[PDB]
Amino acid sequence: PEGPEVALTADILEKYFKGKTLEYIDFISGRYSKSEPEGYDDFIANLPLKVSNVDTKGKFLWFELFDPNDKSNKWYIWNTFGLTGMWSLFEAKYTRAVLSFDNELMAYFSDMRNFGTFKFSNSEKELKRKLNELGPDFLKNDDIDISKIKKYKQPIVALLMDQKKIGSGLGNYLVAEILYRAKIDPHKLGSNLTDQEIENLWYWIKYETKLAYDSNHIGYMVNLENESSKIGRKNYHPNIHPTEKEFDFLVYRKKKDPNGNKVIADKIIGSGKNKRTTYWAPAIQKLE
DNA sequence: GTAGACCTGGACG
DNA sequence: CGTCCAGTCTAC
């Protein structure tokens, strides 16, 4: 669940559930079966509700609902995928939440590690502040000012993994692939990047996110792979055209890049128990 | 900057 | 068996 997976998932959810009426939501296992989500009791007390939209910003997804007869009464379902969260049209393994729509329609959210989150709110004010905590969506926003990179004396890989400083949506596999394509050493500080490197990086961020979004089976939303190939793709970053028809890992979790160059599995980011692995090829990515 | 935790495996020896 | 590896928040 990196930006592209969450965006595609929302598009599929919109295809199958926009305009549908939600009658009930149940947490059959995981964290929310042990302790209910924030705002759950009030939400259930207000069902049924019609789904007006399903949107995303970076890795954050949310459902917007309302009472047909009371268009003022607007509710939101906040959802975070974590590391293994997945939505599906069938009750897959690790199903945690079951959404019951009218006419027997069903939607399921499964999450093996249970790192995903759910929150219910009928406050648009709160949702807005939540969205403001996230930087511009790297996939959906075509006019981001990444030149802001230069203001940070931090490793470029850290700045890109951050969901607020420059933009939102990039995760561990996307950043590794983007820096390799841009030929930039992960350790390189944003403050040391040239304007030439900046515009180059921006190019690849768009290329990689769009390629990922257009893919049908990268592997992090397997429960909807059949649906992925039965729905189109919004034309984000209209001017960018990836040559490959399916996203492929050039360095992430690889022993060597496509040309035999050694791939290092570096521990640049995090500390203690939150250390992430950054894959890069020293022969290709340099500090220039 | 450094450490841990949330929670459940898969892959490997 | 055991040992790594696999988004985000909290605390000294």
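Naming: A, B, ... by sequence-line order, numbering from 1 per chain. Excluded from the calculations below are hydrogen atoms, water molecules and symmetry mates; all remaining heavy atoms, backbone and side chain alike, are included.
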Please enumerate all residues that pass side chain to side chain contact (heavy atoms under 4.5 Å, CB included) together with A/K165, with sequence neighbours excluded.
A/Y152, A/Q154, A/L159, A/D162
Under a 4.5 Å cut-off applied to non-hydrogen side-chain atoms, are A/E5 and A/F81 in contact?
no
Taking the side chain from A/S215 and the backbone from A/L211, do they hold a donor-acceptor pair closer than 3.5 Å?
yes
Check whether any side-chain N or O of A/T277 sits under 3.5 Å from a backbone N or O of A/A265 as a donor-acceptor pair, and report yes or no.
no
Span of DNA chain B, from the first to the last nucleotide whose atoms fall under 4.0 Å of chain A heavy atoms:
B/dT2 to B/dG9
When rounded to whole Å, the CZ to P distance for the pair A/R276 and C/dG7 reads 5 Å
Is A/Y94 touching bases, backbone alone, or none of the nucleic acid, heavy atoms closer than 4.0 Å?
sugar-phosphate
Is it true that C/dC4 and C/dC5 stack, with six-membered ring centres under 5.5 angstrom apart and planes under 30°?
yes
What is the distance, to the nearest angstrom, from the NZ atom on A/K273 to the P atom on C/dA11?
17 Å
Nearest-angstrom distance from the residue atom CZ of A/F60 to P of C/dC9
12 Å
Apply salt bridge (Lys or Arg N to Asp or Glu O under 4.0 Å) to the pair A/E244 and A/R181, showing each step before the final yes or no.
CA-CA 14 Å; A/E244 44 282 88; A/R181 295 272 198 167; 3.0 Å; yes
Quick one: list whatever passes side chain to side chain contact (heavy atoms under 4.5 Å, CB included) with A/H187, sequence neighbours left out.
A/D185, A/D266, A/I268, A/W280
To the nearest Å, give me how far apart CG (A/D266) and P (C/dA6) are.
12 Å
For A/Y220, answer base if it contacts any base atom (sugar-phosphate contacts may also be present), sugar-phosphate if it contacts only those atoms, and nothing otherwise; contact means non-hydrogen atoms under 4.0 Å.
nothing
Quick one: does any side-chain atom of A/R233 pair with a main-chain N or O of A/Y213 as donor and acceptor, under 3.5 Å?
yes
Tell me: CG of A/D111 to P of C/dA6, nearest whole Å?
18 Å
Any idea which heavy atoms bring A/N200 and A/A182 closest together, and the distance?
ND2-O, 3.3 Å
Going by ring centres under 5.5 Å and near-parallel planes (under 30°), is A/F115 stacked on C/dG7?
yes
Residue pairs involving residues 129-139 of chain A (criterion side chain to side chain donor-acceptor pair (under 3.5 Å); sequence neighbours excluded):
none
Could you give the CD1-to-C1' distance, from A/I269 to C/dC9, as a whole number of Å?
16 Å
Tell me what A/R253 touches on the nucleic acid: a base, only sugar-phosphate, or nothing, going by heavy atoms under 4.0 Å.
sugar-phosphate
Kindly assign one of parallel, tilted or perpendicular to the pair A/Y207 and A/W204, based on the angle between their ring planes and the thresholds 30° and 60°.
perpendicular
Pairwise P distance, B/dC7 and C/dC5 [rounded to whole Å]
22 Å
Return the residues of residues 158-178 of chain A meeting this criterion: a heavy atom under 4.0 Å from some atom of DNA chain C. Order them by number, or give none.
A/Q163, A/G171, A/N172
Spacing between A/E133 atom CD and C/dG7 atom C1', to the nearest angstrom:
15 Å
What stems, by residue range, does DNA chain C take part in, given at least 3 consecutive Watson-Crick or G-U pairs under 3.5 Å?
B:1-6 with C:7-12, B:8-13 with C:1-6
Report yes if the side chains of A/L99 and A/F17 come closer than 4.5 Å at any heavy-atom pair, otherwise no.
no
With sugar-phosphate meaning primed atoms plus P, OP1 and OP2, does A/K267 contact a base, only sugar-phosphate, or nothing at under 4.0 Å between heavy atoms?
sugar-phosphate
Which whole-number value in Å describes the distance from A/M86 CE to C/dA6 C1'?
13 Å
May I ask you to decide if A/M161's main-chain N or O and A/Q163's side chain share a donor-acceptor pair within less than 3.5 Å?
yes
Return no unless some side-chain N or O of A/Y279 is found under 4.0 Å from OP1 or OP2 of C/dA6.
yes
How is A/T277 classified with respect to the nucleic acid when contacts are heavy atoms under 4.0 Å: base, sugar-phosphate, or nothing?
sugar-phosphate
For the backbone of A/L174 and the side chain of A/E2, can you confirm whether one donor and one acceptor N or O come within less than 3.5 Å of each other?
yes
Distance between P atoms of C/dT3 and B/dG4 (Å, rounded):
16 Å
